[PDB]
Amino acid sequence: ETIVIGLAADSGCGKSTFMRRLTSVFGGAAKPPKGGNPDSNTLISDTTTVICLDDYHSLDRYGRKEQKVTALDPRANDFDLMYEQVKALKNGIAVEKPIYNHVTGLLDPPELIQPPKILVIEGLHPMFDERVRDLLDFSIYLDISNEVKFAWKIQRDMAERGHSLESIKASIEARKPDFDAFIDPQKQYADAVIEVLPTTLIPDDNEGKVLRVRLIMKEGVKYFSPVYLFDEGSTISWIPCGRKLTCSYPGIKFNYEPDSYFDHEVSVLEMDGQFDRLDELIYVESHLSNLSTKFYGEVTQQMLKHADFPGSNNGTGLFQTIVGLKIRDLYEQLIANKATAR
Amino acid sequence: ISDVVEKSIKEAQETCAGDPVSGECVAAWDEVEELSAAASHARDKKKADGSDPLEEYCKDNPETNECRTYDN
Amino acid sequence: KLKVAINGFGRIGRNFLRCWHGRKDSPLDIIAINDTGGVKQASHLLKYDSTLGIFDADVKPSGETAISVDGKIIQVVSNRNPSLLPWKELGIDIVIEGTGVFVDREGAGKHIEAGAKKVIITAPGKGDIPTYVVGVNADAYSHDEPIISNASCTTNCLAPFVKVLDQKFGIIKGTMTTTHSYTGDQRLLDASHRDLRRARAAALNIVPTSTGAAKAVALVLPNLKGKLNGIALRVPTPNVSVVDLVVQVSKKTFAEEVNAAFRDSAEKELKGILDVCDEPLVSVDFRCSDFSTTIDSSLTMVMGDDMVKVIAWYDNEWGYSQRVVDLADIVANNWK
Amino acid sequence: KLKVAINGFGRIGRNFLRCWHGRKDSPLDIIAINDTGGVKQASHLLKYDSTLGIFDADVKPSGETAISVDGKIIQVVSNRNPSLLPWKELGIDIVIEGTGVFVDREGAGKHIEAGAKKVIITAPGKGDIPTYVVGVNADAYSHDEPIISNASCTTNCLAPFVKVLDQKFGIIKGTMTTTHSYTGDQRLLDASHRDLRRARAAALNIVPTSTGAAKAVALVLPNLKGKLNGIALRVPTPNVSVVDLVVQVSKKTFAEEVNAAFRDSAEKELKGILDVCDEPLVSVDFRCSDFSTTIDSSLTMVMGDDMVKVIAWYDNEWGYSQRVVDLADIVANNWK
Amino acid sequence: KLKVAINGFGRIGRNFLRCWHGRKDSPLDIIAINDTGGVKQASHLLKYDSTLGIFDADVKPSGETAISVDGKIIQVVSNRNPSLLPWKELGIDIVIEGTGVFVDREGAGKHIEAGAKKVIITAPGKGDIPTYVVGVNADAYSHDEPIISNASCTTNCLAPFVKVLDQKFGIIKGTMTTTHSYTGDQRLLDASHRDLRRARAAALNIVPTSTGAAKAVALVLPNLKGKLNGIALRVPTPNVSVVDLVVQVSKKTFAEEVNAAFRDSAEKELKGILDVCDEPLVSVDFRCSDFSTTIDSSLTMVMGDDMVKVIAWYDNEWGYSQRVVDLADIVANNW
Ligand SMILES: NC(=O)c1ccc[n+]([C@@H]2O[C@H](COP(=O)([O-])OP(=O)(O)OC[C@H]3O[C@@H](n4cnc5c(N)ncnc54)[C@H](O)[C@@H]3O)[C@@H](O)[C@H]2O)c1
Ligand SMILES: NC(=O)c1ccc[n+]([C@@H]2O[C@H](COP(=O)([O-])OP(=O)(O)OC[C@H]3O[C@@H](n4cnc5c(N)ncnc54)[C@H](O)[C@@H]3O)[C@@H](O)[C@H]2O)c1
Ligand SMILES: NC(=O)c1ccc[n+]([C@@H]2O[C@H](COP(=O)([O-])OP(=O)(O)OC[C@H]3O[C@@H](n4cnc5c(N)ncnc54)[C@H](O)[C@@H]3O)[C@@H](O)[C@H]2O)c1
């Protein structure tokens, strides 16, 4: 009776703060399992357990050096074992999961994990394999543009002693051909996809502090109603600043409009700028509709709770918790209808 | 940690000297990318413990006077 | 004839021994105690207590392994790690986990690894641990579950009269405050603690604290999920705690109707679990009251017509310790 | 400048003199004291306060009918009956009623017939008495009224942060309970008392008491008439106290927005009257607080969409005594 | 400019810092604090205190390893093992031992083993260790002693008004009973503890406990070897305590002559250590008193002609901390 959620990521396994918002949305907290391997990429919550797709790796770190395959390459991952354990986890059967330690790089003795209330599979190939794609009850993939990704790499990963500035550009240029063919075309399968881009308000500075973000939601998905701005189906450009709400530079901008996303029908939600304070954070959330919120300001309370985390005031985290609440509403409707048939 | 990052990134730079474009470069750069992310999570966990050592101490010893948290 | 053990010989563990001893016709035979202090202390602190007085029983040690109460021998084994306990050697059936750390499934299961048939957690269980409170969902218990949790003394007091309020009146949303006695977690003088509020001196201060009590009532009554939340006030009294809960009901009512609803509910369905007091009383009067919740008839008042405030007294140690004995009696009633 | 006398050298009377002493260019000049204890006790108890510590001033008796506080000499008289008091001779313009005995207009008007111009009392008056709260109702004072009241320690703490909620949000109905420190009216050990819950030992009990504070704030804010109700809970702490308030507002809101409204109002127009506390704190940290109310931001909590709970701290002895000084300065400013 | 640091940030650790902060010109500089405590945890306990009130300074954290106190920054290291502490790296001269678990030469040597040049134990040391009381045993100190112990709270009170009593009247025999305030030693409610008396609830009742302070005065006053012994009674008050000494003096005297001796001794010899009080006070009025002992003049009785009963108060938290600050000044001036 468990629920499978797929999320693709490039930066790291659990490195994204996306997971911290989702666990907190539907759990008190999430933590690594007690005892066992100190490098276990698994996270355990009351209802949530995060699963690392890096663990289902056919080759150790030593093995891939003697081959042409990258970590993103399909041959390095074995989907045959991954699908077996997930299908066993779906029905409620205990599993044995190997561990890919990022430090040592050698496959460790397998850890066992019990079936969760909600299962999420973080990694790089949730929707790449067609067999696993059916098991997924929800598909998420956040697209990080090369300009903002390179920006994020410099602002956070340049401080390491060994790295040089142009050496970092040499890293993502090597990762681009493998990522473009094997990771990027997963955008069509994703039920909801978040793009991040440099802002158009300020003169295009690539620090990544204030970015431009679009939320693309597939329409027609069961137990899923897309968030809309003032009207479902129309095209709106709204700037919230004015007579009653006054805020400083750079500002805030929104764009709700329908779109065609790889022969699908979607409605996009764009946000460009950042939140200077609380007053426009409620003002923005108040006017949005189909939020799947239990009470007034639930989105604001979850963001202010996690404000110190990176990207909690620029709209990235705002759409992350909005998507996070949607998984909950998807979860509660689905288990209720399953219970009637059960 | 960072010393093994420096060794990996030096050898990855030297491995690309033999081949401008090859599959050995993408092998060398993939490792360096994984090591840098590995150092980042170790850096975050070191910083996270320094502000609150007791919650890590209360992780192993919850019966001591500093660590007891009874409700009601 | 169930062999019951006590793993935490703290405030609740000693009351559980005092409550089991005072009872007649109980299927529990206490044969095992696990205090880190040893036999010398467990013999002494059980005999003399500051809040309950001297035990009316010839409590004296019998060797360096066991103690004797009124002729009955109880074994004292001191071991911090519960997995190494000789539970299988003694053959104990239930474990009264009163330590207060092993509130998770993994920690309490170390008793099951030692040969315990069942474990009762005196704290509200962490994670997907089935929480049963006596008087509300007591019949929901089945023998299949190996680990069960009896909820908080706040919840054990909050759940019964909330059950009366939800059913007869119809509740929409409620806020709770509990003025609680200080507990062992608080420091006596200011020193380091995980919670900075608890770290301050308990005897001199009103310490606010976080409790999941109002959120834990959702576990025993599924209707109230997302309808309640609460805080706690730790006042310089040692034993007696009082909780006040203000709700927004659906049925327009007045004050004395709420009291009359707690009297027929007392005699009919909650006899021995819930009581109502109509005399001007203070905290010390409610010492050693077996009723898990005791309403104060004078103080309840409804503002508007559907916002009801009702406050109730309860004994945090003794009143809750009895409910653990009642719960273990229910466990002993349904065996195999 | 203005001749002011004190009738009743109690906790409020002693705190008044020390709060007035610390002020700068305060128009009032204290000339007389009326305490039945005598000069030896008033001089000693002024210097040595158990709650507030010693007085950072030289206090020595001058002659045998007066005391000298930091050079300034203050006549001290002792009499139960205010009609015999020499307010004619000393020509006192403002007499302060700290006894707590004369709260009716008939009884507390004896100072006027003794020769006093205006009397302000430190308790909620009985009958028709104008009741003011600094920062809420003190801006509508007419000099013609010769008997005034500064409302109680809770009512002075309630009205400022209650006024903001009604203005910004709008309240339908609300309730409160104040976990108050104990006071002089309670008995130290159990002995005869007309209010039986006050007869009990204050040091060992949680004494619950009916209060007029929630009903008295309707005299301060007219649109809140018949919408608030409250009862008090007295716990064994000497000085500091808390009050939590639950109200059903009309405008939908959540927790943090209420704090943002309180913080903005605390800086805008309730400066020096309201402060918002963002740190995890405890009662003694609010000893000798100059604000009428200090909201605890961590405990503010809403349920549903329109039920708001707010916890506030107040120093009943000192913080209320500061407002009595500030109200007396208000009278002296437009004194004509 | 002597670099000192604290090993325990409890009651005596915090009171030491605030006593050092009150000094107008001191040769001590605090750099590090060792405790089982975080930066936000140690700073919040320093600023706000349930006993002495709010610290009158600007206390805030500077980084995740240090705090800011009135513009001065001190690092906060957190390691329970002293032998693994970074003392040589910061340049520590002496270390205040306030943990209470290192009072033996084997244990307290883990600081000098780690880079300390001296340590000051805030407890009666176990075994052969120097025991010094300010105003009585302050002179007999040399730079040679690497480990020194300031005596217990009631010893720093008992030695001053006995040293004057022994020299001017002669002490044949005597006993002592100090009604002490409850400390962090006892338990809030009845819990597990090895001392069956202290294991019981501290806030509720009186607790008799043994004390070595009556014997410990022979360490500073060798003229009293085997003539004083006594016990202590823990009472439910937070901070300040009182002592009661009844000795059988040799020279015949009356009661007023006893108070006359303390008045004259306080004016010249024990100025700053001993004081006499004549007004009818209670415990709370002696908070933050810098004198190690304030004799209650109106309570001094004499029975027969040679039995003298004297009562004196002391702030064990504050007054004893000031003696540690004053004794630490003696270490600096003799460096
Ligand atoms: N009034 C109450 O105290 C009350 C009321 C309701 C629920 N509860 C909950 O029930 C539990 C009972 O707590 P308490 O009042 O006994 O606290 P307590 O401070 O009295 O308990 C301390 C005792 O726990 C024992 N202990 C600690 N660690 C141990 C270990 N590793 N192995 C074996 N024994 C160990 C010690 O022997 C000690 O005597 C608490 O966790 C509390 O959350 C308490
Ligand atoms: N709890 C508080 O601290 C507090 C706070 C705010 C307001 N109040 C209100 O303050 C008033 C005073 O409180 P309090 O505790 O200071 O009073 P108190 O109990 O301290 O007052 C006793 C003082 O009044 C003197 N006194 C009593 N009767 C007298 C008489 N007939 N003539 C002259 N002197 C007399 C007494 O000897 C003593 O000096 C009460 O009205 C109380 O409601 C109290
Ligand atoms: N009241 C007095 O003046 C007095 C009287 C007798 C003895 N003492 C001495 O002072 C101590 C009493 O101090 P207190 O009880 O007021 O303070 P406390 O016990 O309240 O605080 C001590 C602090 O030291 C820390 N600590 C404990 N063990 C440690 C370790 N191994 N490493 C690092 N830090 C550690 C703890 O976190 C605690 O916060 C006694 O043990 C004795 O040594 C003081």
# chains A, B, ... in the order shown; residues from 1 in each chain; ligands from 1

call {"tool": "residues_around", "arguments": {"residues": "stretch 87-103 of chain C", "least_positions_apart": "5", "cutoff": "9 Å", "atoms": "only C-alpha atoms", "output": "ChimeraX atom specification"}}
result
/B:62-63,68-70 /C:2-13,16,30-32,108-109,111-112,114-127,129,149,324,328,331-332

call {"tool": "residues_around", "arguments": {"residues": "residue A:123", "least_positions_apart": "2", "cutoff": "9 Å", "atoms": "only C-alpha atoms", "output": "list in words"}}
result
residues 6, 7, 8, 9, 10, 12, 13, 14, 51, 52, 53, 54, 121, 125 and 126 of chain A

call {"tool": "write_last_selection", "arguments": {"atoms": "N, CA, C and O atoms", "output": "tab-separated table (two decimals), in the first residue's frame"}}
result
chain	number	residue	atom	x	y	z
A	6	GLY	N	9.17	9.50	-7.72
A	6	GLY	CA	10.43	9.58	-8.44
A	6	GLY	C	10.89	11.03	-8.58
A	6	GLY	O	10.11	11.89	-9.01
A	7	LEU	N	12.14	11.28	-8.21
A	7	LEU	CA	12.76	12.59	-8.36
A	7	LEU	C	14.15	12.42	-8.93
A	7	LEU	O	15.00	11.75	-8.32
A	8	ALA	N	14.40	13.03	-10.09
A	8	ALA	CA	15.73	13.04	-10.69
A	8	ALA	C	16.50	14.27	-10.24
A	8	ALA	O	15.92	15.35	-10.05
A	9	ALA	N	17.80	14.10	-10.05
A	9	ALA	CA	18.66	15.18	-9.60
A	9	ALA	C	20.06	14.97	-10.15
A	9	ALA	O	20.46	13.84	-10.45
A	10	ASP	N	20.80	16.06	-10.28
A	10	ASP	CA	22.17	16.04	-10.79
A	10	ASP	C	23.21	16.40	-9.74
A	10	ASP	O	24.30	15.81	-9.74
A	12	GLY	N	23.44	16.11	-6.31
A	12	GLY	CA	23.82	15.10	-5.33
A	12	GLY	C	22.63	14.31	-4.85
A	12	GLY	O	21.47	14.66	-5.10
A	13	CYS	N	22.93	13.21	-4.15
A	13	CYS	CA	21.91	12.34	-3.59
A	13	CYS	C	21.53	12.88	-2.22
A	13	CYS	O	22.25	12.67	-1.23
A	14	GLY	N	20.40	13.57	-2.14
A	14	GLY	CA	20.02	14.26	-0.93
A	14	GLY	C	20.71	15.59	-0.71
A	14	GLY	O	20.40	16.27	0.28
A	51	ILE	N	15.42	7.03	-0.91
A	51	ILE	CA	16.22	5.97	-1.50
A	51	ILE	C	17.16	6.60	-2.51
A	51	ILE	O	16.75	7.41	-3.34
A	52	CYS	N	18.44	6.23	-2.42
A	52	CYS	CA	19.46	6.74	-3.32
A	52	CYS	C	19.64	5.78	-4.49
A	52	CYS	O	19.92	4.59	-4.29
A	53	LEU	N	19.47	6.30	-5.71
A	53	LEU	CA	19.69	5.47	-6.90
A	53	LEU	C	21.17	5.24	-7.18
A	53	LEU	O	21.50	4.35	-7.96
A	54	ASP	N	22.06	6.03	-6.55
A	54	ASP	CA	23.49	5.75	-6.66
A	54	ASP	C	23.85	4.42	-6.03
A	54	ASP	O	24.84	3.79	-6.42
A	121	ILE	N	12.45	8.00	-4.54
A	121	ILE	CA	13.71	7.51	-5.10
A	121	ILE	C	14.44	8.70	-5.70
A	121	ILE	O	14.18	9.12	-6.84
A	125	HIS	N	18.19	8.42	-12.62
A	125	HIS	CA	17.40	7.65	-13.58
A	125	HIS	C	16.15	7.06	-12.92
A	125	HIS	O	16.00	5.84	-12.83
A	126	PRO	N	15.22	7.91	-12.43
A	126	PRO	CA	13.94	7.37	-11.96
A	126	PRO	C	13.00	7.01	-13.11
A	126	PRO	O	12.36	5.95	-13.09

call {"tool": "residues_near_ligand", "arguments": {"ligand": "ligand 3", "cutoff": "9 Å", "atoms": "only C-alpha atoms and all ligand atoms", "output": "CSV table (one decimal) with N, CA and C atoms, in the first residue's frame"}}
result
chain,number,residue,atom,x,y,z
B,65,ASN,N,22.1,14.3,32.5
B,65,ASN,CA,21.3,15.4,32.9
B,65,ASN,C,21.1,16.4,31.8
B,66,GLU,N,22.1,16.6,30.9
B,66,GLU,CA,22.0,17.5,29.8
B,66,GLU,C,21.0,17.0,28.8
C,187,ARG,N,16.7,20.8,34.9
C,187,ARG,CA,17.8,21.0,35.8
C,187,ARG,C,17.4,21.7,37.1
C,188,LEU,N,18.0,21.3,38.2
C,188,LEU,CA,17.7,21.9,39.5
C,188,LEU,C,18.2,23.4,39.5
C,189,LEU,N,19.5,23.6,39.2
C,189,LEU,CA,20.1,24.9,39.0
C,189,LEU,C,20.5,25.0,37.5
C,190,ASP,N,20.6,26.3,37.1
C,190,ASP,CA,20.9,26.5,35.7
C,190,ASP,C,22.2,25.9,35.2
C,191,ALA,N,22.0,25.0,34.2
C,191,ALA,CA,23.2,24.3,33.6
C,191,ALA,C,22.7,23.9,32.2
C,192,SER,N,23.7,23.4,31.4
C,192,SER,CA,23.5,23.1,30.0
C,192,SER,C,22.4,22.0,29.9
C,193,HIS,N,21.6,22.1,28.9
C,193,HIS,CA,20.5,21.2,28.5
C,193,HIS,C,20.2,21.4,27.0
E,7,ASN,N,37.5,25.5,32.5
E,7,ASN,CA,37.2,24.1,32.2
E,7,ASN,C,35.8,23.7,32.5
E,8,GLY,N,35.1,24.4,33.4
E,8,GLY,CA,33.7,24.1,33.7
E,8,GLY,C,32.8,25.3,33.7
E,9,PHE,N,31.8,25.4,32.9
E,9,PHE,CA,31.0,26.7,32.8
E,9,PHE,C,29.7,26.5,33.6
E,10,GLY,N,29.7,25.9,34.7
E,10,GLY,CA,28.6,25.8,35.6
E,10,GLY,C,28.3,27.0,36.4
E,11,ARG,N,27.9,26.8,37.6
E,11,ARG,CA,27.6,28.0,38.5
E,11,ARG,C,28.9,28.7,38.9
E,12,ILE,N,29.9,28.0,39.3
E,12,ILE,CA,31.2,28.7,39.6
E,12,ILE,C,31.9,29.2,38.4
E,13,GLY,N,31.7,28.5,37.2
E,13,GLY,CA,32.3,29.0,36.0
E,13,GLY,C,31.7,30.3,35.5
E,14,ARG,N,30.4,30.4,35.5
E,14,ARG,CA,29.7,31.6,35.1
E,14,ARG,C,29.9,32.7,36.0
E,34,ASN,N,35.9,25.6,28.1
E,34,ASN,CA,35.7,24.2,27.9
E,34,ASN,C,34.4,23.8,28.6
E,35,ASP,N,33.4,23.3,28.0
E,35,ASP,CA,32.2,22.8,28.6
E,35,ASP,C,31.5,21.9,27.7
E,36,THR,N,30.6,21.1,28.2
E,36,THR,CA,29.6,20.3,27.5
E,36,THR,C,28.5,21.2,27.1
E,37,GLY,N,28.8,22.1,26.2
E,37,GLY,CA,27.8,23.2,25.8
E,37,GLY,C,28.1,23.8,24.5
E,42,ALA,N,26.0,28.2,25.8
E,42,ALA,CA,26.8,28.8,26.8
E,42,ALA,C,26.5,30.3,26.9
E,78,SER,N,34.6,22.4,23.1
E,78,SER,CA,33.7,21.5,23.8
E,78,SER,C,34.3,20.1,23.6
E,79,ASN,N,34.9,19.6,24.7
E,79,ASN,CA,35.5,18.3,24.7
E,79,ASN,C,35.6,17.8,26.2
E,80,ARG,N,34.9,16.7,26.5
E,80,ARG,CA,34.9,16.3,27.9
E,80,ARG,C,36.2,15.8,28.4
E,81,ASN,N,37.1,15.3,27.5
E,81,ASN,CA,38.4,14.8,27.9
E,81,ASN,C,39.4,16.0,27.9
E,82,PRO,N,40.0,16.2,29.1
E,82,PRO,CA,41.0,17.4,29.1
E,82,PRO,C,42.3,17.1,28.4
E,97,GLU,N,39.5,24.8,37.1
E,97,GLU,CA,38.9,23.5,37.1
E,97,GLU,C,37.6,23.6,37.9
E,98,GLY,N,36.5,23.8,37.2
E,98,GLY,CA,35.1,23.8,37.8
E,98,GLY,C,34.2,22.6,37.5
E,99,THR,N,34.8,21.6,36.8
E,99,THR,CA,33.9,20.4,36.5
E,99,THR,C,33.5,19.7,37.7
E,100,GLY,N,34.4,19.6,38.7
E,100,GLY,CA,34.2,18.8,39.9
E,100,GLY,C,34.5,17.3,39.8
E,101,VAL,N,34.9,16.8,38.6
E,101,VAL,CA,35.3,15.4,38.4
E,101,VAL,C,36.8,15.3,38.3
E,102,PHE,N,37.5,16.4,38.2
E,102,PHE,CA,39.0,16.3,38.2
E,102,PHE,C,39.5,17.1,39.4
E,103,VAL,N,39.6,16.4,40.6
E,103,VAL,CA,40.1,17.0,41.8
E,103,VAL,C,41.3,16.3,42.4
E,121,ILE,N,42.1,24.3,41.1
E,121,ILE,CA,40.9,23.5,41.4
E,121,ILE,C,40.0,24.2,42.3
E,122,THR,N,38.7,24.3,41.9
E,122,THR,CA,37.7,25.0,42.7
E,122,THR,C,37.0,24.1,43.7
E,123,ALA,N,37.7,23.0,44.2
E,123,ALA,CA,37.2,22.1,45.1
E,123,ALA,C,38.3,21.7,46.1
E,124,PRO,N,37.9,21.2,47.3
E,124,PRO,CA,39.0,20.5,48.1
E,124,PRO,C,39.6,19.4,47.4
E,125,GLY,N,40.9,19.5,47.1
E,125,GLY,CA,41.6,18.5,46.3
E,125,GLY,C,41.8,17.2,47.1
E,151,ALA,N,39.7,26.2,48.7
E,151,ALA,CA,38.9,25.3,49.5
E,151,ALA,C,37.4,25.4,49.2
E,152,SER,N,36.5,24.6,49.8
E,152,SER,CA,35.1,24.6,49.5
E,152,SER,C,34.4,25.9,49.9
E,153,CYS,N,33.2,26.0,49.6
E,153,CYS,CA,32.4,27.2,49.8
E,153,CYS,C,32.4,27.6,51.2
E,154,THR,N,32.0,26.7,52.1
E,154,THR,CA,31.9,27.1,53.5
E,154,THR,C,33.3,27.0,54.2
E,181,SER,N,22.5,25.9,51.1
E,181,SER,CA,21.5,25.9,50.0
E,181,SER,C,21.7,24.8,49.1
E,183,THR,N,22.4,22.6,45.8
E,183,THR,CA,23.3,22.8,44.7
E,183,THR,C,22.9,21.8,43.6
E,184,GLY,N,23.7,21.9,42.5
E,184,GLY,CA,23.5,20.9,41.4
E,184,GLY,C,23.8,19.5,41.8
E,185,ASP,N,24.3,19.2,43.0
E,185,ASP,CA,24.7,17.9,43.5
E,185,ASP,C,23.4,17.1,43.7
E,239,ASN,N,20.4,30.0,46.5
E,239,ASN,CA,21.8,30.4,46.5
E,239,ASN,C,22.5,30.5,47.9
E,315,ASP,N,27.7,34.1,50.3
E,315,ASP,CA,27.2,33.7,49.0
E,315,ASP,C,28.2,32.7,48.4
E,316,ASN,N,27.8,31.4,48.5
E,316,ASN,CA,28.7,30.4,48.1
E,316,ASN,C,29.0,30.5,46.6
E,317,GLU,N,28.0,30.9,45.8
E,317,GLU,CA,28.3,31.1,44.4
E,317,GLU,C,29.1,32.3,44.1
E,318,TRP,N,28.7,33.5,44.6
E,318,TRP,CA,29.4,34.7,44.3
E,318,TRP,C,30.6,34.9,45.1
E,319,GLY,N,30.5,34.8,46.5
E,319,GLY,CA,31.6,35.2,47.3
E,319,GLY,C,32.8,34.2,47.2
E,320,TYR,N,32.5,32.9,47.0
E,320,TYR,CA,33.6,32.0,46.7
E,320,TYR,C,34.2,32.2,45.3
E,321,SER,N,33.4,32.6,44.3
E,321,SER,CA,34.0,32.9,43.0
E,321,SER,C,34.9,34.1,43.1

call {"tool": "interface_residues", "arguments": {"of": "chain B", "to": "chain A", "cutoff": "12 Å", "atoms": "only C-alpha atoms", "output": "NGL selection string"}}
result
:B and (1-13 or 15-16 or 20-45 or 59-60)

call {"tool": "residues_around", "arguments": {"residues": "residue A:139", "least_positions_apart": "4", "cutoff": "8 Å", "atoms": "only C-alpha atoms", "output": "PyMOL selection string"}}
result
chain A and resi 5-7+127+189-192

call {"tool": "closest_atom_pairs", "arguments": {"of": "chain E", "to": "chain C", "cutoff": "9 Å", "atoms": "only C-alpha atoms", "output": "CSV"}}
result
residue,atom,partner,partner_atom,distance
E:9,CA,C:191,CA,8.2
E:10,CA,C:191,CA,5.9
E:11,CA,C:190,CA,7.4
E:35,CA,C:192,CA,8.9
E:36,CA,C:192,CA,7.2
E:37,CA,C:192,CA,6.0
E:38,CA,C:192,CA,8.6
E:41,CA,C:192,CA,6.7
E:42,CA,C:192,CA,7.4
E:44,CA,C:196,CA,7.8
E:45,CA,C:191,CA,7.2
E:49,CA,C:190,CA,7.0
E:50,CA,C:201,CA,6.6
E:51,CA,C:190,CA,8.6
E:182,CA,C:188,CA,8.7
E:183,CA,C:189,CA,6.8
E:184,CA,C:189,CA,5.8
E:185,CA,C:188,CA,9.0
E:186,CA,C:188,CA,8.0
E:187,CA,C:188,CA,6.9
E:188,CA,C:188,CA,5.5
E:189,CA,C:184,CA,6.2
E:190,CA,C:50,CA,7.1
E:191,CA,C:10,CA,6.3
E:192,CA,C:37,CA,5.5
E:193,CA,C:37,CA,6.7
E:194,CA,C:37,CA,7.1
E:195,CA,C:41,CA,8.9
E:196,CA,C:41,CA,6.9
E:199,CA,C:45,CA,8.2
E:200,CA,C:50,CA,7.2
E:201,CA,C:50,CA,6.7
E:202,CA,C:188,CA,8.2
E:203,CA,C:203,CA,6.5
E:204,CA,C:50,CA,7.6
E:205,CA,C:50,CA,8.4
E:238,CA,C:189,CA,7.8

call {"tool": "write_last_selection", "arguments": {"atoms": "C-alpha atoms", "output": "short mmCIF file (atom, residue, chain, number, x, y, z; two decimals), in the first residue's frame"}}
result
data_model
loop_
_atom_site.label_atom_id
_atom_site.label_comp_id
_atom_site.auth_asym_id
_atom_site.auth_seq_id
_atom_site.Cartn_x
_atom_site.Cartn_y
_atom_site.Cartn_z
CA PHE E 9 31.00 26.65 32.78
CA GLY E 10 28.57 25.78 35.56
CA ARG E 11 27.62 27.97 38.50
CA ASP E 35 32.21 22.82 28.60
CA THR E 36 29.61 20.30 27.48
CA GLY E 37 27.79 23.16 25.82
CA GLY E 38 27.20 24.83 22.48
CA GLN E 41 23.92 27.26 24.85
CA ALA E 42 26.80 28.82 26.79
CA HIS E 44 22.31 32.15 26.77
CA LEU E 45 23.20 30.74 30.20
CA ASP E 49 20.66 33.57 35.12
CA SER E 50 17.83 32.53 37.43
CA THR E 51 19.83 33.49 40.54
CA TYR E 182 20.80 23.17 47.52
CA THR E 183 23.29 22.81 44.66
CA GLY E 184 23.49 20.89 41.41
CA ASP E 185 24.68 17.90 43.45
CA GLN E 186 21.19 16.94 44.65
CA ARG E 187 18.27 15.76 42.52
CA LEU E 188 15.09 17.68 41.70
CA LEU E 189 12.80 14.72 42.37
CA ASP E 190 13.74 11.43 44.00
CA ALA E 191 16.11 9.77 41.52
CA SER E 192 19.12 7.46 41.48
CA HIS E 193 22.14 8.77 43.37
CA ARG E 194 24.87 7.10 45.40
CA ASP E 195 24.30 9.32 48.46
CA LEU E 196 20.94 8.08 49.77
CA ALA E 199 19.14 11.18 46.15
CA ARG E 200 15.91 12.68 47.51
CA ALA E 201 14.02 15.75 46.32
CA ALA E 202 16.05 18.90 46.95
CA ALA E 203 13.34 21.55 46.61
CA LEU E 204 11.01 19.83 49.09
CA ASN E 205 12.89 19.17 52.31
CA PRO E 238 18.60 28.51 45.74
#

call {"tool": "residues_around", "arguments": {"residues": "residue D:323", "least_positions_apart": "6", "cutoff": "9 Å", "atoms": "only C-alpha atoms", "output": "count of residues only"}}
result
8

call {"tool": "closest_residue", "arguments": {"among": "E:327, E:31, E:120, E:67", "to": "chain B", "atoms": "only C-alpha atoms"}}
result
E:67

call {"tool": "residues_around", "arguments": {"residues": "residue E:247", "least_positions_apart": "5", "cutoff": "7 Å", "atoms": "only C-alpha atoms", "output": "list in words"}}
result
residues 171, 173, 174, 175, 307, 308 and 309 of chain E

call {"tool": "closest_atom_pairs", "arguments": {"of": "chain B", "to": "chain E", "cutoff": "9 Å", "atoms": "only C-alpha atoms", "output": "tab-separated table"}}
result
residue	atom	partner	partner_atom	distance
B:47	CA	E:64	CA	8.1
B:50	CA	E:64	CA	6.3
B:51	CA	E:64	CA	5.2
B:52	CA	E:38	CA	5.0
B:53	CA	E:38	CA	6.0
B:54	CA	E:37	CA	6.4
B:57	CA	E:36	CA	8.8
B:66	CA	E:36	CA	8.5
